[PDB]
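Listing of structure.txt; format and content: compact mmCIF, C-alpha atoms.
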# COMPACT_ATOMS: atom_id res chain seq x y z
CA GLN F 48 290.19 -80.99 202.33
CA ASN F 49 287.64 -83.26 200.63
CA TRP F 50 289.97 -84.30 197.80
CA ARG F 51 292.15 -87.00 199.30
CA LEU F 52 294.74 -89.52 198.18
CA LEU F 53 296.09 -92.89 199.29
CA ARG F 54 299.12 -94.56 197.74
CA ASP F 55 298.69 -98.34 197.77
CA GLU F 56 302.24 -99.57 197.21
CA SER F 57 301.08 -103.19 197.57
CA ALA F 58 298.67 -102.81 194.61
CA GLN F 59 296.50 -105.43 196.40
CA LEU F 60 293.76 -103.23 197.93
CA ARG F 61 290.23 -103.64 196.56
CA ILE F 62 287.29 -101.26 197.05
CA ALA F 63 286.10 -103.19 200.16
CA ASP F 64 289.63 -102.95 201.61
CA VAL F 65 289.85 -99.22 200.87
CA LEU F 66 286.52 -98.50 202.60
CA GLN F 67 288.08 -100.03 205.75
CA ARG F 68 291.05 -97.64 205.47
CA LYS F 69 289.29 -94.27 205.03
CA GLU F 70 291.42 -92.74 207.80
CA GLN F 71 294.58 -93.48 205.75
CA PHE F 72 293.57 -90.99 203.01
CA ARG F 73 295.34 -87.60 203.24
CA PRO F 74 294.32 -84.21 201.73
CA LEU F 75 295.75 -83.18 198.34
CA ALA F 76 297.46 -79.79 197.95
CA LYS F 77 296.30 -79.73 194.31
CA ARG F 78 293.80 -81.75 192.25
CA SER F 79 296.50 -83.67 190.36
CA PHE F 80 299.53 -85.91 190.90
CA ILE F 81 302.61 -87.37 189.25
CA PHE F 82 304.73 -90.27 190.51
CA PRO F 83 307.74 -92.06 188.97
CA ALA F 84 306.84 -95.34 187.21
CA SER F 85 306.03 -98.11 189.72
CA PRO F 86 303.53 -100.93 190.38
CA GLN F 87 301.67 -98.88 193.05
CA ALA F 88 297.94 -98.25 192.86
CA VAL F 89 296.96 -94.64 193.52
CA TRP F 90 293.51 -94.18 195.08
CA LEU F 91 291.55 -90.92 194.98
CA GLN F 92 288.77 -90.22 197.48
CA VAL F 93 286.44 -87.27 196.88
CA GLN F 94 283.67 -86.39 199.34
CA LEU F 95 280.94 -84.20 197.84
CA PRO F 96 277.64 -82.83 199.20
CA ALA F 97 274.23 -83.32 197.57
CA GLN F 98 274.37 -81.74 194.11
CA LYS F 99 271.88 -79.24 192.63
CA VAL F 100 272.98 -79.11 188.98
CA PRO F 101 274.49 -81.51 186.41
CA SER F 102 278.18 -82.15 187.08
CA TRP F 103 280.92 -84.61 186.19
CA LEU F 104 284.18 -85.77 187.64
CA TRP F 105 286.63 -85.08 184.82
CA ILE F 106 289.92 -87.00 184.74
CA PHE F 107 292.79 -86.54 182.29
CA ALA F 108 295.06 -89.49 183.02
CA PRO F 109 297.34 -90.02 180.02
CA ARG F 110 298.92 -93.49 179.85
CA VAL F 111 296.96 -94.83 182.85
CA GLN F 112 296.40 -98.49 182.07
CA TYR F 113 293.74 -99.39 184.64
CA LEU F 114 291.29 -96.82 186.00
CA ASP F 115 288.52 -98.04 188.31
CA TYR F 116 285.71 -95.71 189.37
CA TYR F 117 283.39 -96.27 192.34
CA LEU F 118 280.54 -94.11 193.61
CA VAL F 119 279.19 -94.55 197.14
CA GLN F 120 275.91 -93.09 198.42
CA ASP F 121 274.22 -94.00 201.73
CA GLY F 122 276.99 -96.52 202.49
CA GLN F 123 276.30 -98.47 199.28
CA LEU F 124 278.14 -98.89 195.96
CA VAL F 125 275.93 -97.07 193.44
CA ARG F 126 278.43 -97.06 190.54
CA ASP F 127 281.37 -99.32 189.62
CA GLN F 128 283.16 -98.79 186.30
CA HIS F 129 286.33 -100.42 185.02
CA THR F 130 288.24 -98.59 182.31
CA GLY F 131 291.73 -97.36 181.34
CA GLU F 132 293.98 -97.80 178.29
CA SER F 133 294.19 -101.57 178.96
CA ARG F 134 290.40 -101.78 178.68
CA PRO F 135 289.93 -101.04 174.97
CA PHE F 136 286.71 -101.29 172.89
CA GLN F 137 285.01 -98.62 175.00
CA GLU F 138 284.11 -95.55 172.94
CA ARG F 139 284.88 -92.25 174.71
CA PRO F 140 283.64 -88.90 173.32
CA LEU F 141 286.62 -86.63 174.08
CA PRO F 142 289.59 -86.36 171.62
CA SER F 143 291.91 -86.21 174.65
CA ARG F 144 290.43 -89.50 175.87
CA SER F 145 289.77 -87.78 179.22
CA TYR F 146 287.27 -89.59 181.45
CA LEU F 147 283.91 -88.22 182.55
CA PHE F 148 281.73 -89.62 185.35
CA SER F 149 278.26 -88.15 185.88
CA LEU F 150 277.54 -87.12 189.48
CA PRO F 151 273.88 -87.67 190.45
CA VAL F 152 271.45 -84.96 191.52
CA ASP F 153 269.45 -87.17 193.89
CA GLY F 154 269.27 -85.28 197.21
CA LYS F 155 272.13 -87.24 198.82
CA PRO F 156 275.86 -86.57 199.38
CA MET F 157 278.45 -88.94 197.90
CA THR F 158 281.98 -90.27 198.04
CA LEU F 159 283.86 -91.17 194.86
CA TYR F 160 286.85 -93.52 194.72
CA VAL F 161 289.22 -93.88 191.77
CA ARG F 162 291.98 -96.52 191.51
CA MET F 163 294.78 -95.89 189.01
CA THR F 164 297.77 -97.96 187.89
CA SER F 165 300.32 -97.70 185.06
CA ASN F 166 303.64 -99.10 183.79
CA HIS F 167 304.47 -95.50 182.90
CA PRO F 168 304.87 -92.52 185.25
CA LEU F 169 301.55 -92.31 187.08
CA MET F 170 299.85 -88.97 186.41
CA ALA F 171 296.40 -87.39 186.38
CA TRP F 172 294.59 -84.09 186.58
CA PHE F 173 291.01 -84.13 187.84
CA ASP F 174 288.17 -81.89 188.95
CA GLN F 175 284.43 -81.52 189.23
CA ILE F 176 282.98 -79.61 186.28
CA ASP F 177 279.46 -78.35 185.53
CA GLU F 178 277.83 -77.91 182.09
CA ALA F 179 279.82 -74.69 181.48
CA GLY F 180 283.08 -76.67 181.93
CA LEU F 181 281.70 -79.58 179.87
CA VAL F 182 280.99 -77.56 176.70
CA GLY F 183 284.58 -76.27 176.53
CA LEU F 184 286.23 -79.71 176.88
CA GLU F 185 288.43 -81.44 174.27
Take the structure in this file and express it as structure tokens.
Amino acid sequence: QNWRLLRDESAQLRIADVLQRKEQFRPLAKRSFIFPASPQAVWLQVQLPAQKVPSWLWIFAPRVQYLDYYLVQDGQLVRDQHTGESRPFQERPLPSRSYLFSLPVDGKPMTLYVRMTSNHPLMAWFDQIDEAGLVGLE
């Protein structure tokens, strides 16, 4: 129940606003979603324990225009990345243009937040992967 979702139909919520609304996140029945095209912002919240081996959050979000990634550890914002198809000029390694975010092995648990918007149907698949998952990616 640590993979949770919040639909922000206002599209106005920022990271600070979302952190005030943690109780509004509800558990996902699968690590993916699809919604008809709308101006909503979909937020993902993933709570993870301290990690022992290299791992990544993988996201395949075709046609997502704005994707914002935030990592929180010990109540503080430790990572803050703005990407998506409407943020060009960033070179990504994978042919699929999937997104990878490295999850630190630093003795502390974490919470990740991802904001996604599109003018197209809003869809993504996502999961935590280790090195073994990484080397088979395309």
#### Entry: Non-local contacts of range 160-168 of chain F (7 Å; all atoms listed in the file; under 2 positions in same chain excluded) as an MDAnalysis selection string
chainID F and resid 81:93 110:118 158 170
Could you write those residues out with C-alpha atoms, as a short mmCIF file (atom, residue, chain, number, x, y, z; two decimals), in the coordinates of the input?
data_model
loop_
_atom_site.label_atom_id
_atom_site.label_comp_id
_atom_site.auth_asym_id
_atom_site.auth_seq_id
_atom_site.Cartn_x
_atom_site.Cartn_y
_atom_site.Cartn_z
CA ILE F 81 302.61 -87.37 189.25
CA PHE F 82 304.73 -90.27 190.51
CA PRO F 83 307.74 -92.06 188.97
CA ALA F 84 306.84 -95.34 187.21
CA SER F 85 306.03 -98.11 189.72
CA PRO F 86 303.53 -100.93 190.38
CA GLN F 87 301.67 -98.88 193.05
CA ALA F 88 297.94 -98.25 192.86
CA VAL F 89 296.96 -94.64 193.52
CA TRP F 90 293.51 -94.18 195.08
CA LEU F 91 291.55 -90.92 194.98
CA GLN F 92 288.77 -90.22 197.48
CA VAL F 93 286.44 -87.27 196.88
CA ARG F 110 298.92 -93.49 179.85
CA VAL F 111 296.96 -94.83 182.85
CA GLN F 112 296.40 -98.49 182.07
CA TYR F 113 293.74 -99.39 184.64
CA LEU F 114 291.29 -96.82 186.00
CA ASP F 115 288.52 -98.04 188.31
CA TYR F 116 285.71 -95.71 189.37
CA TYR F 117 283.39 -96.27 192.34
CA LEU F 118 280.54 -94.11 193.61
CA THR F 158 281.98 -90.27 198.04
CA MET F 170 299.85 -88.97 186.41
#
#### Entry: Selected residue, from F:61, F:155, F:73, F:126, that lies nearest to residue 96 in chain F when counting only C-alpha atoms
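Nearest candidate to residue 96 in chain F out of F:61, F:155, F:73, F:126: F:155.
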### Query
Which distance in Å separates CA of residue 62 in chain F and CA of residue 105 in chain F, to one decimal?
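If I compute the distance from CA of residue 62 in chain F to CA of residue 105 in chain F, I get 20.3 Å.
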#### Entry: Atom-to-atom span, CA of residue 100 in chain F and CA of residue 77 in chain F, Å
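Between CA of residue 100 in chain F and CA of residue 77 in chain F the gap works out to 23.9 Å.
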### Task
Go ahead and compute the interatomic distance for CA of residue 95 in chain F and CA of residue 133 in chain F, in Å to one decimal.
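Separation between CA of residue 95 in chain F and CA of residue 133 in chain F: 28.9 Å.
Compared by their closest atoms to residue 181 in chain F, and using all atoms listed in the file, the residues F:141, F:53, F:157, F:124 rank with F:141 nearest.
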### Task
Tell me which of F:58, F:66, F:75, F:106 sits closest to residue 174 in chain F, counting only C-alpha atoms.
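Using only C-alpha atoms, the shortest distance to residue 174 in chain F belongs to F:106.
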### Message
Just checking: using only C-alpha atoms, which residue out of F:150, F:60, F:159, F:108 ends up closest to residue 173 in chain F?
### Response
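When distances to residue 173 in chain F are compared using only C-alpha atoms, the smallest one comes from F:108.
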### Query
Any idea what's packed within 7 Å of residue 104 in chain F, counting only C-alpha atoms, ignoring anything in its chain fewer than 3 positions away? Could you give it as a list in words?
residues 147, 148, 149, 174, 175 and 176 of chain F
### Query
Restricting the calculation to all atoms listed in the file, which member of F:151, F:97, F:169, F:63 is positioned closest to residue 109 in chain F?
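Closest residue, counting all atoms listed in the file: F:169.
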### Option closest in space to residue 123 in chain F, from F:78, F:156, F:144, F:136 [counting only C-alpha atoms]
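Closest residue, counting only C-alpha atoms: F:156.
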